[PDB]
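Right, one structure below, let's go through it.
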Amino acid sequence: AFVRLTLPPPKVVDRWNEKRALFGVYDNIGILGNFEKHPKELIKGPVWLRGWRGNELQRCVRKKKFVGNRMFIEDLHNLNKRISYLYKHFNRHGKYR
Amino acid sequence: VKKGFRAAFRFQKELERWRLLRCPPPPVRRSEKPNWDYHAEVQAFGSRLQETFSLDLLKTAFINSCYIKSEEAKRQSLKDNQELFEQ
Amino acid sequence: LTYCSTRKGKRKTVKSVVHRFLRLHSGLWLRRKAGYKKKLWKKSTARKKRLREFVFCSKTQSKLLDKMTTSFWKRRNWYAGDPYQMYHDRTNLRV
Amino acid sequence: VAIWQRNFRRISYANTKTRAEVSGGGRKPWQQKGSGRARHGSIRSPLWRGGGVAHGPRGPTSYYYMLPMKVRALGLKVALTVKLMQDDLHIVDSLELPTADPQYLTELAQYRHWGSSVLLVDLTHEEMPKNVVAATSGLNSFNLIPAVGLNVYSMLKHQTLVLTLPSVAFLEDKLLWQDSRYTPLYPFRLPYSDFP
Amino acid sequence: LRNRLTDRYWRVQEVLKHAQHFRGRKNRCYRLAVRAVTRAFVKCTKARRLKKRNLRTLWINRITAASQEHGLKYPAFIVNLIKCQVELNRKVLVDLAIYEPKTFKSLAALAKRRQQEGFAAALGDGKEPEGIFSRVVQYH
Amino acid sequence: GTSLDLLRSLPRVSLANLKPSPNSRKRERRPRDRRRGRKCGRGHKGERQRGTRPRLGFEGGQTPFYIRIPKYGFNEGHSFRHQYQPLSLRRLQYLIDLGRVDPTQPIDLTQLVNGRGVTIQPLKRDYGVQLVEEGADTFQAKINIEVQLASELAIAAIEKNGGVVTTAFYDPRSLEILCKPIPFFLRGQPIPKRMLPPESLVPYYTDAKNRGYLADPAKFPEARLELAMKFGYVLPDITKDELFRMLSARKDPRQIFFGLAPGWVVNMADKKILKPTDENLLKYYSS
Amino acid sequence: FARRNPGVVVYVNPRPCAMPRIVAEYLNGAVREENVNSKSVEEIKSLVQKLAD
RNA sequence: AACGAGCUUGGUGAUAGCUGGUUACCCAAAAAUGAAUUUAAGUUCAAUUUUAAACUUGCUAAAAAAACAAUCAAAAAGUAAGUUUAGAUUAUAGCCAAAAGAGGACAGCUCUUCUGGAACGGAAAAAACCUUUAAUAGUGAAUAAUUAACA
RNA sequence: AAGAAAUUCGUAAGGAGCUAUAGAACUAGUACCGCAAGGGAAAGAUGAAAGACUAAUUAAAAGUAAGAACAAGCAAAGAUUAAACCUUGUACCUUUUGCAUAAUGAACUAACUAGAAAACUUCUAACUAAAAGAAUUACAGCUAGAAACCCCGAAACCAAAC
Ligand SMILES: [Mg+2]
Ligand SMILES: [Mg+2]
Ligand SMILES: [Mg+2]
Ligand SMILES: [Mg+2]
Ligand SMILES: [Mg+2]
Ligand SMILES: [Mg+2]
Ligand SMILES: [Mg+2]
Ligand SMILES: [Mg+2]
Ligand SMILES: [Mg+2]
Ligand SMILES: [Mg+2]
Ligand SMILES: [Mg+2]
Ligand SMILES: [Mg+2]
Ligand SMILES: [Mg+2]
Ligand SMILES: [Mg+2]
Ligand SMILES: [Mg+2]
Ligand SMILES: [Mg+2]
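Chains as they are written, first to last, in the authors' numbering: chain i, 32 to 128; chain c, 31 to 107, 119 to 128; chain 3, 94 to 188; chain F, 99 to 294; chain R, 10 to 149; chain M, 9 to 295; chain b, 54 to 106.
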């Protein structure tokens, strides 16, 4: 194989930037705040998987439910095919029955 | 262009061996190299042989006429071992 | 068996089991004797007596049905006047 | 709790196309036999340069889970003791400072032997003194949070912890309520006979 | 390409560094070197327990040569030396012949005498005092 | 403590020092090594190794075991059978002992659930709580308990100690509000009427011996006395008892809560109760 | 160790470092260096005694 | 420019009980018999095997006596395993020697039953016969089968 | 295999992503290929200044050269004063029965290229006749964590264009 003939540039991480310093604050907003807000409400992400977890087939179906009607034609077609592939895998294949 | 700094580092040392071994540098006295104190090493020399030595006398033995002349010239720009050699 | 259903993503009960077997909460399964309604005119009286009974399932058969039914069919049911009230528990069994 | 404060938020956006989503690869490249080459049904397969990944990251993934309410509350109690016993917790009446100059706060920490990184907790965000607000904002290591925002991860990252007296009472009631309580008949936010 | 092996260079080096002295493409190609090296390691392991049997066969050749100079077959030399209660392994006997020829003659004569004594004992039946060297010391 | 003292000596706790509890995690075996690679645990070449073996319950082609047994009605009508979460007298006495039920006040399904004495799931066909005979001997408490189903011996324990036991029917809609009142008040809808029992349950709740709420008041005395003779105790005089009004308290057959009439609205935010003045609505609610 | 072997000059040079390293010099001029990264005191003590012998 | 029925795109990552492949170390235990199957290039169950747990007798042997060299088995003794419970597969074609039946109350041949084996040592040949309790460093040692026969 | 509803509940700029065989097919729907529908690439790398004669950087892949060969043999190992002579040794994988002198597959190098899910079980904790941040389960349970089930390949079938 081949390896670099020079050392790559040093990578410097500032561990006291604002994002890292205050990471985690308000994770106990509920228990310490009279349960006004559940901590799951603080997650920033796709609408269909805020405060939710599942396997890919479940993830595929959940993406369709929330934004199935606002998706592009090609993206929706690929999602439908992705669901049908996963369905036959998880429900008809695998070592265990 | 793969990730990481470590793979380059291991190879940089591989480059080190290639250059040094193919074109070795001229020998350098152990004094110039790190981890050298004259007095401590002199003490160990006597202990290693198991023979008690007079440290001051042993120091003069290692001194040579050539070394003195070079030092004096550098200073411009401490007794020899000749008597010990004869005895 | 549907291990992950499209609409909900859950396991699906096989209804062929729900219509043939009864599960007691301990883990036992009840069943009928195949043919207990068939050609009774040529079966001996002792033979017919055996068929009318309710029979238990083995460890393997019980294990199978537990894979083909969902937890809802494995819960506690507090039916008033249940004729299977006393049979949902095992007593004086050391094993 | 420390791992929880890492994972539940996590959402990963790494994604790789599969062999069907890759552009092209519809026609069969060549006949099975007669050419002396291996049998392929699409120029976009996992065995082909430019093909689709075999088992790669798919879509956005979520790592969301919540520990039980008592478990996460217990973590706060544990973290509080650890700082106290190791002489990292300092109890203060109020956060009032003589001057807003950040230099004073940094110098004071060294004089009192506090750690480089200090976490300051006040009862409520709205009432916090203006003098502290100016000083802490200019300082990276000295991070100021309100009482309700206390978390295990913050305490672990910060060497010393400064607690105001009212905040200690606030934390003491909240955590000690978690034990001696029933199991919620409802979501707690709904009206309760004896809960604020 | 999220994760790729950045140190595969040294993994190949481990196999290749054990193949330089070979001839042909096996000394430089990993697909070919690796197969060659395994056999080299296996033979090295199956030859650690063959130099302990050949080195003994070498000794028997040289002891057979040594005794024959003095007129004794190998079986007679070794057996009689033991029967005299003197225990010398086949490694020093070869050393003695090569570097101490005069001492070996003493061993050859001593082994020969016991052989004669053994022949006399069988030839002469009955209660007779055995040869001076025939006498066997006992340890309790 | 002594264990706490050790922590003081040890170095500062930080994010680097974190360790999972012993044996909490397991090694995840991957297929990259000889033991777990190559054939990768799937055996030789075959259907099960190609990943495409048949479904569960498929016995090779003979009629499967689960399909070859006669269908029987063990589970027929299960979703419509009535469930009563039973309550024993040991649990009742145990709850009263620890101060999680107020015996002086009348007891109902709401105050059982509030004190977590019982757990009720209306969505799973629960129709209330049935009192059970277990623990009668240890029961020495006088209490006015309302339970949808009662038993002969359970009644004896309540009556012998000088208590009132009544049985009332709550329909699926009524039960949900009874177990969980507060949210219903948050919905903003008016309180509903409580429907009478269906034909199947009419005989039970109109029977004097079962202490039915719709039962004839006149026949109670005789029924109690006959039970008193049967179990060898003398009927106590509740009227003489100081708390006769509380014990005798019984909600209207169309009432979910003792002190609230159908059709009212509760405003928790303003701390007020709103009652309709419309004659038409009053007619409907009064019914 | 220093007193037990008085013919072995011992240099200890604590520095900001990633791997602790022991360098052994013999009288014939041969050098030998062994990595001590994350080794307990028991391992080092046994390791050093091999070098002296 | 290969028509028993064109070609291109899409369905489509068609499906394949079939062929091929499936990437670090170390320690340990470890088998092609019975049943059903559009079944005999497959699967499922029994039997075997295995990881854990529970608690107590298990293996060889087993006198008399039965039912006739076995089916059964009591005191013993030599010895450490056996039963129950929970979880889980792969496997379901053998190969060769030596014994004994049974097919035409034959040898053979095809089956069936019991026994053994899978060297680096030996037997012109040499996975199957004979000597061989695991694997480790040593320029130690005693040995096994065998190294043909002298009728 | 499919699968409700009634009825409850809700105010909602970032990257433990890729970095030239990766990420889009893309420097481009271009070159090229097909009458047409249509299919479909590859690659680049100096410095602050080139109005400083385009840098660097590397025993580093296969392949060669420098330097053809010298009785004898899976090409090595034990060795040895000595490179070869002497002794020992039936390529690898898959595969067949647990055997190959078989039969498949590999000219060599670099990069890429195949095990994925939590019903039941085990292990680890929180609280405990109760556990769960609403609907769930309970005759010691309940909650949370960790722990699992691949890749490539037909002849075909249908729709719509050409
Ligand atoms: Mg496609
Ligand atoms: Mg096509
Ligand atoms: Mg295909
Ligand atoms: Mg791609
Ligand atoms: Mg896995
Ligand atoms: Mg059939
Ligand atoms: Mg319930
Ligand atoms: Mg068998
Ligand atoms: Mg078939
Ligand atoms: Mg088949
Ligand atoms: Mg590209
Ligand atoms: Mg491309
Ligand atoms: Mg080269
Ligand atoms: Mg040779
Ligand atoms: Mg080839
Ligand atoms: Mg396939």
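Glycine included, every Cβ here is placed at the ideal spot set by N, Cα and C.
Item                                                                                                                                                                                                                  : Value
Quick one: residues in its chain with C-beta nearer than 7 angstroms to the C-beta of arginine 262 (chain M), no 5 flanking neighbours on either side, listed in chain order?                                         : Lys201, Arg202 and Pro270
Could you give the distance in angstroms between the alpha-carbon of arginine 68 (chain b) and the alpha-carbon of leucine 195 (chain F)?                                                                             : 40 angstroms
Could you tell me which residues DSSP pairs with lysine 280 (chain M) in its beta bridges?                                                                                                                            : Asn275 (chain M)
Which chain c residues sit within Cβ distance under 7 angstroms of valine 34 (chain i)?                                                                                                                               : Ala37, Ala38 and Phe41
Whose C-beta lies closer than 6 angstroms to the C-beta of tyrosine 74 (chain M) among residues of the same chain, with five residues either side of it excluded?                                                     : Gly65
Taking the C-alpha atoms as reference points, what is the distance between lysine 92 (chain R) and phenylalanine 142 (chain R)?                                                                                       : 9 angstroms
Within the 8 angstroms Cβ cut-off, does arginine 195 (chain M) reach chain F?                                                                                                                                         : no
What does the alpha-carbon distance come out to for the pair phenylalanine 265 (chain M) and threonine 71 (chain M)?                                                                                                  : 58 angstroms
Which value, in whole angstroms, describes the spacing of the CA atoms of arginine 287 (chain F) and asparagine 65 (chain i)?                                                                                         : 7 angstroms
For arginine 253 (chain M) and chain i, any beta-carbon pair shorter than 8 angstroms?                                                                                                                                : no
Closer than 8 angstroms, CB to CB, is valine 101 (chain b) near chain c or not?                                                                                                                                       : no
Quick one: residues in its chain with C-beta nearer than 8 angstroms to the C-beta of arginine 37 (chain M), no 5 flanking neighbours on either side, listed in chain order?                                          : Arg44
Taking Cβ positions only, does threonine 95 (chain 3) come closer than 8 angstroms to chain i?                                                                                                                        : yes
Along the stretch 58-80 of chain M, where does the CB come closer than 8 angstroms to a CB of chain i? Name the residues.                                                                                             : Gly59, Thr60, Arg61, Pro62, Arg63 and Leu64
To test your reading of the DSSP string, which unbroken beta strand (DSSP E) runs of 3 or more residues are found completely within the stretch 125-192 of chain F?                                                   : 187-190
Of the residues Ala32 (chain i), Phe33 (chain i), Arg35 (chain i) and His124 (chain i), which one's Cα is nearest the Cα of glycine 59 (chain M)?                                                                     : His124 (chain i)
Use the C-beta contact count for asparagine 241 (chain F): other C-beta atoms within 10 angstroms, 16 or more gives buried, fewer gives exposed.                                                                      : buried
Does the Cβ of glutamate 36 (chain M) lie closer than 7 angstroms to at least one heavy atom of ligand 5?                                                                                                             : yes
State the Cα-Cα distance for the pair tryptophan 48 (chain c) and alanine 32 (chain i), rounded to the nearest angstrom.                                                                                              : 17 angstroms
Beta-carbon within less than 7 angstroms of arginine 98 (chain M)'s beta-carbon, same chain only, minus the 5 sequence neighbours each way: which residues are those?                                                 : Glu142, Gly143 and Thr146
Per the DSSP calculation, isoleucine 75 (chain b) is bridged to which residue(s)?                                                                                                                                     : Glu87 (chain b)
Going by the beta-carbon positions, is the gap between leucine 217 (chain F) and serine 265 (chain F) smaller than 8 angstroms?                                                                                       : no
Which bits of chain M does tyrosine 284 (chain F) rub up against, with CB to CB less than 9 angstroms?                                                                                                                : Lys188, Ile190 and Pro191
Does any C-beta atom of chain i lie closer than 8 angstroms to the C-beta of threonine 99 (chain 3)?                                                                                                                  : yes
With a threshold of 16 other CB atoms inside 10 Å of the CB of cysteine 150 (chain 3), please say whether the residue is buried or exposed.                                                                           : buried
CB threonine 222 (chain F) to CB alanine 198 (chain F), shorter than 8 angstroms?                                                                                                                                     : no
Taking only the alpha-carbon atoms, compute the straight-line gap between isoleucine 281 (chain M) and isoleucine 199 (chain M) and give it to the nearest angstrom.                                                  : 11 angstroms
Determine the extent of the alpha helix (DSSP H) in which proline 211 (chain M) is found, giving its start and end residues.                                                                                          : 210-213
Taking 8 angstroms as the CB-CB cut-off, is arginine 37 (chain M) touching chain i?                                                                                                                                   : no
When the cut-off is 8 angstroms and only beta carbons count, does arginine 16 (chain M) lie next to chain F?                                                                                                          : yes
Does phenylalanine 293 (chain F) pass the burial test, meaning 16 or more other C-beta atoms within 10 Å, or should it be called exposed?                                                                             : exposed
Please go through the same chain and pick out, in chain order, the residues whose beta-carbon is closer than 6 angstroms to the beta-carbon of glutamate 55 (chain M), but skip the five residues on each side of it. : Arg61
What is the DSSP secondary structure of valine 43 (chain R), reduced to helix, strand or coil?                                                                                                                        : helix
How about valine 84 (chain b) and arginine 74 (chain b): do their beta carbons lie closer than 8 angstroms?                                                                                                           : no
With 8 angstroms as the threshold, decide whether the Cβ of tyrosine 116 (chain i) is near any Cβ in chain 3.                                                                                                         : no
Let me know if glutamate 95 (chain b) comes out buried or exposed under the rule of 16 or more other beta-carbons within 10 Å of its beta-carbon.                                                                     : exposed
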